[PDB]
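Each chain is listed here by its residues.
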Amino acid sequence: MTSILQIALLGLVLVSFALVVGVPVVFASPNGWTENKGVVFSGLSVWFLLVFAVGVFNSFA
Amino acid sequence: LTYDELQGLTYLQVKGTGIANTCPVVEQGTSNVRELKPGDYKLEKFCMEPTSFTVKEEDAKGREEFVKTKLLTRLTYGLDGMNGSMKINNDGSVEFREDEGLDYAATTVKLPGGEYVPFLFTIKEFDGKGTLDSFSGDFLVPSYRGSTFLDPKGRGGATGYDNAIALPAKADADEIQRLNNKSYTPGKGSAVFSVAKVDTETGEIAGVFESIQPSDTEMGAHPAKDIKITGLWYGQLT
Amino acid sequence: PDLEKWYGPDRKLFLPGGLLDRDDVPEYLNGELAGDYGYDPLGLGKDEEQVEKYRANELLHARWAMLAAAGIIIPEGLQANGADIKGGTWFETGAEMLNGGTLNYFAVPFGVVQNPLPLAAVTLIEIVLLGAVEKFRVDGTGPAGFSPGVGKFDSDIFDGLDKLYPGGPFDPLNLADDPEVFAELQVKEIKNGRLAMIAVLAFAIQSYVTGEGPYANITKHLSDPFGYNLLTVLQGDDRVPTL
Amino acid sequence: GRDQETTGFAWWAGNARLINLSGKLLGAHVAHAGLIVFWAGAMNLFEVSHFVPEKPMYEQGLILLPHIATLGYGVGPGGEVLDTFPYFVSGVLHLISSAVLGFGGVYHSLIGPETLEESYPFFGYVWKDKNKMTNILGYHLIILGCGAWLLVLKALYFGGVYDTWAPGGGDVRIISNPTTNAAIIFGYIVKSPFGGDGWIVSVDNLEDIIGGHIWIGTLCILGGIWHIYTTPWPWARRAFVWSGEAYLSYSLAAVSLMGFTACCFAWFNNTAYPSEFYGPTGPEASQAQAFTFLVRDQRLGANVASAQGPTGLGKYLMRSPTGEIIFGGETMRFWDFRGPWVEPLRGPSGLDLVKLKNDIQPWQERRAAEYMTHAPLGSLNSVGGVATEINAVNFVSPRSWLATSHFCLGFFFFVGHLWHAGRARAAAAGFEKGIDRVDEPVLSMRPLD
Amino acid sequence: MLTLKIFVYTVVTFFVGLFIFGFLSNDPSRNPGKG
Amino acid sequence: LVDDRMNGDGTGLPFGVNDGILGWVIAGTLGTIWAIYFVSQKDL
Amino acid sequence: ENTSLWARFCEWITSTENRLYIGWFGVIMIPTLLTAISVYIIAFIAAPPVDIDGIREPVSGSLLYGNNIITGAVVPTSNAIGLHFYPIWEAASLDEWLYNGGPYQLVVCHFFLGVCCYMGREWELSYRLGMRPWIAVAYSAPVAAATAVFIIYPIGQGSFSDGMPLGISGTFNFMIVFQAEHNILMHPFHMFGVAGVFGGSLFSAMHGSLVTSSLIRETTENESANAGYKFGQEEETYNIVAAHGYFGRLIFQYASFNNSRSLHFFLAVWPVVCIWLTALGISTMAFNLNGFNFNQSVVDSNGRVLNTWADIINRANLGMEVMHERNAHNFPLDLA
Ligand code: CLA
Ligand code: CLA
Ligand code: CLA
Ligand code: CLA
Ligand SMILES: CCCCCCCCCCCCCCCCCC(=O)OC[C@H](CO)OC(=O)CCCCCCCCCCCCCCCCC
Ligand SMILES: CC1=C(/C=C/C(C)=C/C=C/C(C)=C/C=C/C=C(C)/C=C/C=C(C)/C=C/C2=C(C)CCCC2(C)C)C(C)(C)CCC1
Ligand SMILES: CC1=C(/C=C/C(C)=C/C=C/C(C)=C/C=C/C=C(C)/C=C/C=C(C)/C=C/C2=C(C)CCCC2(C)C)C(C)(C)CCC1
Ligand SMILES: [Cl-]
Ligand SMILES: [Cl-]
Ligand SMILES: [Fe+2]
Ligand code: NA
C-alpha cells in the first residue's frame, strides 16, 4: 500500500508543476482567465484531492 | 550575618550584593573564650576577611608609619574554604595548622601619591603557636608572579628572552636585576590572631586577626613594602 | 437592515467575485429565497417551481437536523460530566431499551427522572403523534388551539396561511411581523439549518469511524490536538519512529 | 502593472508604485507571506532530509529543528531525538500552506481588484484614515495575542515545552503555575541591557517565559480591542506622520530592534535556546573549558584552590569583582554564565569548593567535554575553531549563524527605517523631489549660517 | 557616589524628557515647505 | 569590608534604582518637563 | 502669540538661525559629546595605569605616564568587568574606577549616544532646511563602524577590554589581535570594505580631476582657478559634457555616467555600502564567524600538505596569536 502513496504524491508533484507553470500564464493572458476558469478549478480540485489522499494514505503506510 | 542563613540564600540572592565576600558572624554564643573543649581538632571551612589595608611608607622626615590606602581592585580579597587542624591544651596553649583551600588573594592598593602596590594577601602554611586569646606565627608568602610570567619585553624566569632584545647594544650593563637574573624566591609573612565569640554547641569560632606581609618585589626589583592588614576571621571545628 | 447582502442581484454567492462572475449563476436563483448563494453545479433546480418544492424538503430537513444536532451533543455531554443519563451517546441510545431498559430523562435542572414506559409504547405514540402532525402539515388542518401568541384559536386560522411559514399559532413570541427582520431571520434559519445538517452528517461519519460520540470527539481533540484527530485514529496503532 | 511615465518610480523602486494600489499591495504582502511559509517548509524538510540520528542538532547546521525541539516535539530526557515525524509534519503543513498563500498572492497581483475601496469598504483603506489604520492594527494585535496564547496553551496542556533546567540533563516538561506576577514580568523589561542584567535576554526559566507570554497575549488582545474601538488622540496626531511609508518606517525601526534582540537571544540565552539543541553559548564553552580542565587536573592528583597562574590570580578558581568564587582564567569575563551543568555545583559563595571537589556528575562531565569540543568558533567555510586552526572539523555553531545573520538584518532594517522615516517626512512636507528653486528656504534665511 | 548618581540621573532624565516632549511638540509642522 | 560601595550590579535592578529617591526624581523630572510642556500648549 | 517658556525654548532649540543647529537630537548630542570629549582629554593626559586584561597588569596609556601622541591611549575597560556596566557611582573610589578602565566605558557610551544623535541631527537640520533626508543614511556607515568596534565586538566577545583602545598604537594593537583571532583579511566583507575605501579614493580623485579637467575659463593665470567660481551662482562652473566625452572615449563610451545625478549617487552609494558590509564584517566576527579558513586546502596525491599563501598568513596569524595576551591565558584553546 506504499506504492499508491508514492503514485499519489508524484501525481501531486506533477499537478503542482503544471499549476506553477499554468496559473500565472492563465492569469496574465488577455481574456484567458474568463475562458480557463474550468481548467484552473479542475487543476486546483485535483491538487486538493491529491493532498488529502497523500495525507490519509500516510496514516495507513 | 551568621553561617546558618548564608547557606539559606541561593546564588541569585547574593549575586552582586557583596555578601559573598563577607565572613559569617556568630550572633549567638558567649565571649568567655575558656569554655572551648580542648582536643585533637580538624578545623574545616576557615574564613578570613580584611577590614583595613595599610602600607609602611618611608617619609623624608624619617617618620616610619603605616598609611591608609585605596583598594584598586574590587571585592576579590577575602579568603574562604581553608582547611587544617589545630590543638587546644589544658592551660590554653593552641597551635594552628593551615594546609589547603583558597588561602591567597592578589590585592592592589594605592599609596597616597598614586603608586600601585600589588600584594598577595595570603595566609598559606600558617603555624599559629600561642594562647586562645592570641596566637601568632609565620606563613609562607609566594612572590606574586610565577616564573613562567614574562615582562613587557619578553624576559622573566621560566619563559622569556632573558635579555632586553629591543636594543642590540644594551645586552650586558647595569640592568642586571632587570634582565640577567629573575628572583621569585618565596618570602615569609607575620600574622597575629585572636579568638572571640566562641560557640561550643555547633563547634564554630570567630575573632579578629592581624597580619603583616611584604608585597610583590617585581621579580627581584625595587624593594617590597610591609603590608599591615586587619580584619575578622571565622572558622568551624571538626 | 442590510438585506441587500442576502437578496437582490448583489448577494453573497457560493464563490467570491474573482472565481465566479455574476453571469455564471443559474437564472432561476437571482435572489428571491433565503439562503440563495447560487450554489448549483448539477442542474437539480430547473425553475422556480422545483426550487421552492425542493426548498420545502430543505427546510424540513433543516428544522429536523438542528434539533438533532442539539439532541446528539447535549445528553452525551451531560453524561460525560456526570449526569445520570445512561445512553447519551447517540448511536447506542436505541440499544438501551431493547430488553425493556427504559431510558432516564433529564428535566434539567430538576430532572434525572425514570421514564416508566417501554419501547413499544414509545414507538406507538411516536407514530400516532408525528403521523398526526405530518398529516396536519400537508392538509393545513388543526383541531384545537391555545397557543401563547394567540390564545384558544379555532381551526379557521391554518387555511390562508403561508405553507412552510405558518405564523400566528406557531409564533408565540412573534418577532417576525416586520418583513425585513422576518427575511433576515429566514436567512439565519436556513443557514443555521444547513450548518446543522453538515454537523449531523459529520456526527454520523465521525461515529462510524471513531466508534464514539461527537462530544467525546471534540473533548479528546481539545485535550490532545495532534494526538487525537483523523490521521491519528486511522493509524490503528502507534507509528514506527523515524530515528 | 505600470511604467515609469504613469508612476514616476523606476523599476528599482517599482514596489513604491503600489503604495496607493491597495489590492496589488495586499497581493504582494500575501505572496511574500507565501514565501516565508515556503522557506519554512522547504528548509524544514531539507533539514529532516539531512538529519543524522547520532549527531546532535547543532553539529549538522540545523536552525529550525532546534526551534521545534525547544517546543517539545520529538525529544525526551537529555535531548535525544525520539522521532522526526513532528518535524516532517511541520514542514509539509508549511509547504502546502505556502502553496495556498502563493495562489492568493499571485491572484491579487495579476487579476485581483485594483483598489478595495469602491467595493469592499471593510478592506479598502487610505493611509491618512487613522481610524481604519488603528482598526487593521487591532486585527493584527488580536492575531498576535492569539499566537502568544497558542504558545501558552502548548506549554500548559499540549505536551509542555523543553526545559534545560529540569534535573537529569533536562527534558520536556509540562509548565505548571507560570509566574503571572507583574513585578517579575516587567522587571525584565525595565532591566538594564548590560552585564549581570542582560535586559530580557536574561530570562532563565520556563515559568518566567510562559508568564511573560500570558502577559503579552492578554495585553495584545486588550490593545487590539482598544485600537479597533478608538481613534488616535490629537497629541499622537501632532507627534506622528500619517502616510503609508511612515507606517513602514515605524515597522522597520521596531523589527530592527527585534532583530538585534534576537541576535542577543541566540548568542546568550540558553533556556529559550537549549544548549543541547543549539550548541553551547560562548560563555558556556569558556566555562566548560575551565571546568573540564579543573576536573582533569583533579583526577591527575592536583590541588585546585592553590596553583595560581603566572599572574598570581588563580588558574582554576578566582573571585569575581563582587566576591563569589568563579572559574580561573580569561573565562572570568564569562563569570556571569548560568547553565544547568554548573548550578548543581554552585551554592551561596559562588562555586562551592567541597561540592566542586566531590559532587561531580558523569553527565555534567561529558556535557562540559562536548561544550569544549564544539565551541561557537568557526569560519565562513564552516571550519571549526579559531582562524588559525586546521581544516579537519566541519562545524560552525547555529548560535554563531543566527547571531551573525540577525545582527546584519537588524542593522540594515534600522538603516531602512532611517531611509523611510526621512522620505516619509519629506513626502509629507513636499521635499521628496528636491528644492523648489524659486522658494528655496535658505534664501529666506539670514546669512552667517 | 549616591549623590553623583542622583545628579547624573536627574540630568539624564531631564535631557531625555526635553527630547521626548520636544518631538511631541508638533514636529512634522517645522518644515519650510508646503504640505 | 574595606570600603563602601552601592553593589548595584546585577540583581535585575529596575531602571538601575537602588533607592526610591532615584525613581522619585526620575518621575518628578519627567513630570516637571511634562508640566511645562502641558501648560505651554494651545500655542503655534 | 508665543509667550510661554516651553514654546520660546522650543523655537530656540529648533531654530535654523543658530550658528550651530541644536534641535532635539542636539539636545541629547551636545551634553553627551561634551562629556565624552572632557573625559577623553583628561584621561588621555592624566589617566593612571589601567588593568585591561584583568590579570593585574595595568597598561599606562597616558601622556603624563610616559606616552607620546602615537603611544597614548584611553585603555579599554578591565576584562574582569566584562560587560558589567561600570560607572563612577559603582566604584568605591575614583582610584578604583581609574584602575578598572572606567573612563573608556564612559567615553564609549557617551560617544555611541553622540554619534547616534549626530546622525539624527543631520536628518533634522535637513528637515528644517527643506533638504532631502538621506545624508544621515550616508553617515550611518562610520557610525555603524564605530559601534562595531566600541559596542558590538565587546558584546560578542563578552568584555569591553575587547573594544578598540582609544588611541593610535591601541588601534594597531586591536587590529593585530583581531587578525590573530579572526583572519579579517580573508573575509569577503572586509575585502569589500577595502575595495570601498580604495574605490573611494579612486572616485574622489576621478571626479575631482574630471571637474578640474573641465573647468570653464573666467580667470587669468594671475588668479587661482577657484576664483572663477562665485558662491551662489546659477550657471554651472564646468563642462559636464566635455568631461563625459573625455571619460567615454577614455574607457568606454556607453559605460560612463551621462547623468551627473546618477554619478553623484554612485559616489555616495559605493563607500557607504562597502563600509556597511565591513562594519557587519566586524559585527559577525564579534560572534566568531571569522574570515576564510584555507589551511591545508591543497594536498598532493600522497596526502602531503603543501604550504600555501594562506598558510603563510596562518603562520603570521599564529605569531599574532601566541604573543597577544601572553599572560592572560591558562588553557590551550582560546575560547574566551
Ligand atoms: C491577508 C489576506 C487576505 C485578505 C485581506 C484578502 C481580502 C480579500 N480577498 Mg482574498 N485570498 C487570500 C488572502 C486574502 N484576501 C488568500 C491566501 C487566497 C488564496 C486562497 C485568497 C483568494 C481570494 C480569491 C479567489 C478571492 C479573494 C477575494 C478577496 C476580497 C473579498 C472576498 C473575500 O473575502 O475573499 C475570500 C477568501 C477566502 C474565503 C479564504 C478563506 C478565509 C477564511 C476566513 C480563513 C480564516 C483565516 C484564519 C485566521 C487562517 C489564517 C492562518 C494564518 C496564521 C496563516 C477581499 C478584499 C475575492 C476578490 O478578489 O474579489 C474580487 C476573490 O474572488 N481572495
Ligand atoms: C517579494 C517580491 C515581490 C512581490 C511579491 C512583488 C509583487 C508585485 N510587484 Mg514587484 N518587484 C520586485 C519584487 C516583488 N514584487 C523586485 C525585487 C523588483 C525590482 C526588479 C520589482 C519591481 C516591480 C515593478 C517595476 C513593478 C512591480 C509591480 C508588482 C505588482 C504587480 C506585478 C504584476 O502583476 O505584473 C505582472 C507580472 C507577471 C505577469 C509575471 C508574474 C508571474 C508569476 C506571478 C511569477 C511567480 C509564479 C509563481 C511561482 C506561481 C505561483 C502560483 C501558485 C498557485 C503556487 C505586484 C503586486 C508592478 C506594480 O507596481 O504594479 C503597478 C510594477 O510595475 N514590481
Ligand atoms: C533572509 C530572511 C530571514 C530568514 C531566512 C530568517 C530566518 C529565521 N529567523 Mg528572522 N528576521 C528577518 C529575516 C529572516 N529571518 C528580518 C529581516 C528580521 C527583522 C530584523 C527578522 C527578525 C527575527 C526575529 C526577532 C527572530 C527571527 C528568528 C528567525 C529564526 C526562526 C524564525 C521563527 O521561528 O520565527 C517565528 C515565526 C512566527 C512568529 C510566525 C508565527 C508562528 C506561530 C506563532 C508559532 C506557533 C507555535 C505553536 C506554539 C505551536 C503549537 C501548536 C498548538 C499545539 C498550540 C529563523 C531561522 C527568531 C530567532 O531564532 O532568533 C534568532 C526570532 O526571534 N528573525
Ligand atoms: C519589509 C521592509 C521594507 C519594505 C516593505 C520596503 C519597501 C520599499 N522600499 Mg525599502 N529598504 C528596506 C526595507 C523595506 N523597504 C531596507 C531594510 C533597506 C536598506 C537600507 C531599504 C532601502 C531602500 C531604498 C534605498 C529604497 C527603498 C525603496 C522602497 C520602495 C520601493 C522598493 C523597490 O521596489 O525596490 C526594488 C527592489 C530591488 C531593486 C531589489 C534589491 C536587490 C538587493 C540590493 C539585493 C539584496 C539581497 C541580498 C541577499 C541582501 C543581503 C544583505 C544581508 C542580508 C547580508 C518600497 C515601498 C525605494 C524608495 O524609496 O521608494 C519610495 C528606494 O529608493 N528601500
Ligand atoms: C521610576 C518611574 C519612572 C518611570 C517612567 C514611566 C512612568 C509612567 C508613565 C506612563 C504614562 C504613558 C504616557 C503616554 C502618553 C504620553 C503623551 C503625552 O504626554 O500627551 C500629552 C497630553 C497633551 O495634552 O496630555 C496628556 O495626555 C496627559 C499625559 C498623561 C501622562 C501621565 C503622567 C503621570 C504623572 C506625571 C508626573 C507626576 C507629575 C509630578 C511632577 C510634577 C512637578 C512636581
Ligand atoms: C506576483 C509577482 C511576483 C511573484 C511573487 C510571489 C512570492 C509568488 C509566489 C508563490 C508561492 C509562495 C508559491 C509557493 C508554492 C508551493 C507549491 C507549488 C507547493 C507544493 C507542494 C508539493 C507538491 C509538495 C510535495 C511534497 C510533500 C508533500 C512533502 C514530501 C516531498 C514533496 C516535495 C514531494 C514576482 C516577484 C515574481 C514579480 C512581481 C509580481
Ligand atoms: C514574552 C516574554 C516576556 C514578557 C515580555 C513583555 C511583557 C514585553 C513587553 C513590552 C512592552 C510593553 C514594551 C513596550 C514598548 C514600547 C517601545 C519600545 C516604544 C516606543 C517608542 C518611542 C521610542 C517613541 C518615540 C517618540 C517620542 C519619544 C515622543 C514623540 C513621538 C515619538 C514617536 C517620536 C519576558 C521578557 C517576561 C520573559 C520572556 C518572554
Ligand atoms: Cl597584546
Ligand atoms: Cl585562556
Ligand atoms: Fe559635482
Ligand atoms: Na597567554
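Residues numbered from 1 in each chain as written, not as in the entry; some residues may be left out. Chains lettered and ligands numbered in written order. Part of a larger assembly, values for the part shown. Heavy atoms only, no water.

### Brief notes about the UniProt feature "binding site: chlorophyll a 10" (unreviewed entry) in chain D
Rules: UniProt positions are given in the numbering used here, feature names are shortened, and annotations may be inferred rather than shown by experiment. The secondary structure listing takes helices from DSSP runs of H or I that are at least 4 residues long and strands from runs of E that are at least 2 residues long, numbered from the N terminus.
The sites that carry the UniProt feature "binding site: chlorophyll a 10" (unreviewed entry) are, in the present numbering, D:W226 and D:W233. Checked against the element boundaries, D:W233 lands in the loop between α6 (206-228) and α7 (234-239).

### Re the pairing of strand β2 (residues 43-57) of chain B
Residue and element names in this part refer to chain B. The condition is simple: Strand pairing is defined by DSSP finding a minimum of two bridges between the two strands.
Relative to strand β15 (residues 226-237), β2 runs antiparallel, the two sharing 10 bridges. Looking at the pairing, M48 lines up with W233 of β15. Relative to strand β5 (residues 79-82), β2 runs antiparallel, the two being bridged by 2 bridges. Paired with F46 across the two strands is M82, which belongs to β5. Sheet analysis places β2 next to strand β3 (residues 65-68), joined by 4 bridges and oriented antiparallel. Residue pairing for β3: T54 is matched across the bridge by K68.

### A closer look at the interface of chain E and chain F
The cut-off we apply is this: Contacts were defined at the residue level, with two residues in contact if any of their heavy atoms lie within 4.5 Å. Defined in terms of a 1.4 Å probe, buried area is the accessible area two parts forfeit on being brought together, summed over both. Residues adjacent in sequence count toward polar contacts only when both atoms are side-chain atoms; beyond that, a polar contact is any pair of N or O atoms within 3.5 Å, and within protein one must be able to donate a hydrogen and the other to accept it. Nonpolar residues are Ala, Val, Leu, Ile, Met, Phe, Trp, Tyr, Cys and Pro. Charged residues are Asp, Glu, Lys and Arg, and all others, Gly as well, are polar.
Tallying the contact residues gives 13 residues for chain E and 15 residues for chain F. Interface area for chain E against chain F, summed over the two sides, is near 1,300 Å², with a carbon-plus-sulfur share of 77%. A per-residue breakdown of the area chain E buries against chain F is headed by E:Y9, E:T13 and E:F21, which together make up 39% of the total. Summed over the shared surface of chain E and chain F, the number is 5 residue pairs in polar contact. Considering only residue class, the side of chain E that touches chain F consists of 7 nonpolar, 4 polar and 2 charged.

### Side note on the state of the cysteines
In protein structure, a disulfide is the covalent linkage between the sulfur atoms of two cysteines. As a reminder, the rule being used: Any two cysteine sulfur atoms lying within 2.5 Å of each other are counted as a disulfide. For every residue, the accessible area obtained with a 1.4 Å probe (protein chains only) is divided by the maximum for its type, and the residue is called buried under 20%, exposed over 50%, and partly exposed between those limits.
For the structure on display, the rule yields 0 disulfides over all chains. The thiol sulfur of B:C47 is not disulfide-bonded, and the nearest other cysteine sulfur, from B:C23, lies at 4.9 Å. Free of any disulfide, G:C117 has its nearest neighbouring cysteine sulfur in G:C116, separated by 6.6 Å. G:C117 gets classed as buried once you look at its relative accessible area, which sits at 8%.

### Side note on the site of ligand 4
All names here are of chain D. Heads up, the condition is: The criterion for a residue being near a molecule or strand is simple. One of its heavy atoms has to lie within 4 Å of it.
In the neighbourhood of ligand 4, 17 residues make up the surrounding shell, with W12, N15, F412, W419 and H420 lying closest. Here an oxygen atom of ligand 4 sits 2.8 Å away from a polar atom, N or O, in the side chain of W419. In the model, a nitrogen atom of ligand 4 is placed 3.1 Å from a nitrogen or oxygen of the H420 side chain. Of all the secondary-structure elements, those providing two or more residues to the shell around ligand 4 are α8 (244-268) and α13 (398-429). With 8 residues, α13 is the single largest residue contributor to the shell around ligand 4.

### As for the interface of chain D and chain G
Many structure descriptions define interface size as the accessible area lost when the parts assemble. Filter applied, for reference: Salt-bridge detection follows one rule: a side-chain nitrogen of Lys or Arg within 4 Å of a carboxyl oxygen of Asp or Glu.
Between chain D and chain G, the contact holds 71 residues from the first and 74 residues from the second. Summed over both partners, the interface of chain D with chain G buries about 6,300 Å², with 66% contributed by carbon and sulfur atoms. Across the salt bridge formed by G:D162 and D:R333, the nearest N and O atoms sit 2.4 Å from each other. Here chain D is connected to chain G by 20 residue pairs in polar contact. It is α13(D) that contributes the most residues to the side of chain D that touches chain G, 17 residues altogether.

### Focus: the arrangement of the chains
Ranking the 12 pairs of chains in contact by contact count places chains D and G at the top. No interface is formed between chain A and chain E, the nearest pair of C-alpha atoms being 39 Å apart.

### Topic: the site of ligand 1
Inspection of the region around ligand 1 gives 16 residues, with C:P16, C:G18, D:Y107, D:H108 and D:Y120 positioned closest. Near ligand 1, the surrounding residues belong to chains C and D. The contact in question runs from an oxygen atom of ligand 1 to an N or O atom on the backbone of C:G18, over 2.8 Å. For the shell around ligand 1, the elements supplying multiple residues, two or more each, are α1 (22-49) and α3 (85-110) of chain D. In terms of residues, the shell around ligand 1 owes the most to one element, α3(D), which gives 6 residues. Counted by class, the shell around ligand 1 contains 12 nonpolar, 4 polar and no charged residues.

### Here we look at the UniProt feature "binding site: chlorophyll a 2" (unreviewed entry) in chain D
All names here are of chain D. Feature annotation in UniProt places "binding site: chlorophyll a 2" (unreviewed entry) on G1, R17 and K24, given in this structure's numbering. Sequence-wise these annotated residues cover 24 residues; spatially they are packed, their C-alpha atoms never more than 9.8 Å apart. By relative accessible area, which is 99% here, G1 ends up exposed. Mapping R17 onto the fold places it in the segment before α1.

### Notes on the sheet that holds strand β8 (residues 104-111) of chain B
All names here are of chain B. One open sheet holds the 3 strands; their spatial order is β4-β8-β9, and the pairing between them is antiparallel. One side of each edge strand has no neighbouring strand; the edge strands of this open sheet are β4 (70-71) and β9 (115-122). Where β8 lies against β9, 8 bridges are found, and the strand directions are antiparallel. From the neighbouring strand, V109 faces β9, where its bridge partner is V117.

### A word on the nonpolar core
The criterion, for reference: Residues grouped as a nonpolar core are buried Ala, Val, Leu, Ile, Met, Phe, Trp, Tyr and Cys residues, joined through side-chain atoms within 4.5 Å.
Ranked by size, the top nonpolar core spans 57 residues in total, and within it G:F150, G:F178, G:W276 and G:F287 carry the most contacts. When contributions to this core are tallied by element, the ones reaching two or more residues are α8 and α13 of chain D together with α2 (23-46), α4 (102-128), α5 (135-157), α6 (169-182) and α9 (260-286) of chain G. In terms of residue count, α5(G) provides more of this core than any other element does, 13 residues in total. With sequence-adjacent residues up to four places away left out, G:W276 is seen in contact with D:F411, D:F412, D:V415, G:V137, G:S140 and G:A141.

### Side note on helix α5 (residues 182-190) of chain D
All names here are of chain D. Inclusion rule: Here the arc refers to the directions that run from the helix axis out to each C-beta atom.
By the burial criterion, the buried members of α5 are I185, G187 and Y188. For α5, the angular spread of the buried residues around the axis is 165°, confining them to a single face. At its buried positions, α5 is contacted by α6. Looking at where α5 begins, the residue whose side-chain oxygen comes 3.3 Å from the main-chain nitrogen of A183 is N181.

### Side note on the environment of G:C274
Checked against the element boundaries, G:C274 lands in helix α9. Beyond its immediate stretch of four places on either side in the chain, G:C274 contacts G:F192, G:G193 and G:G196.

### Observations regarding the side chain of D:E59
All names here are of chain D. For the record, the criterion: Working convention for charge: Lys and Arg count positive, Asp and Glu count negative, and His plus the chain ends are omitted.
Position of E59 relative to the elements: it lies in the loop between α1 and α2 (65-71). No salt bridge is formed by the buried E59, whose closest oppositely charged neighbour, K55, lies at an N-O distance of 4.5 Å. Polar side-chain contacts of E59 include one of 3.0 Å to the side chain of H374. Excluding residues that lie within four positions of it along the chain, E59 makes contacts with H374, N394 and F395.

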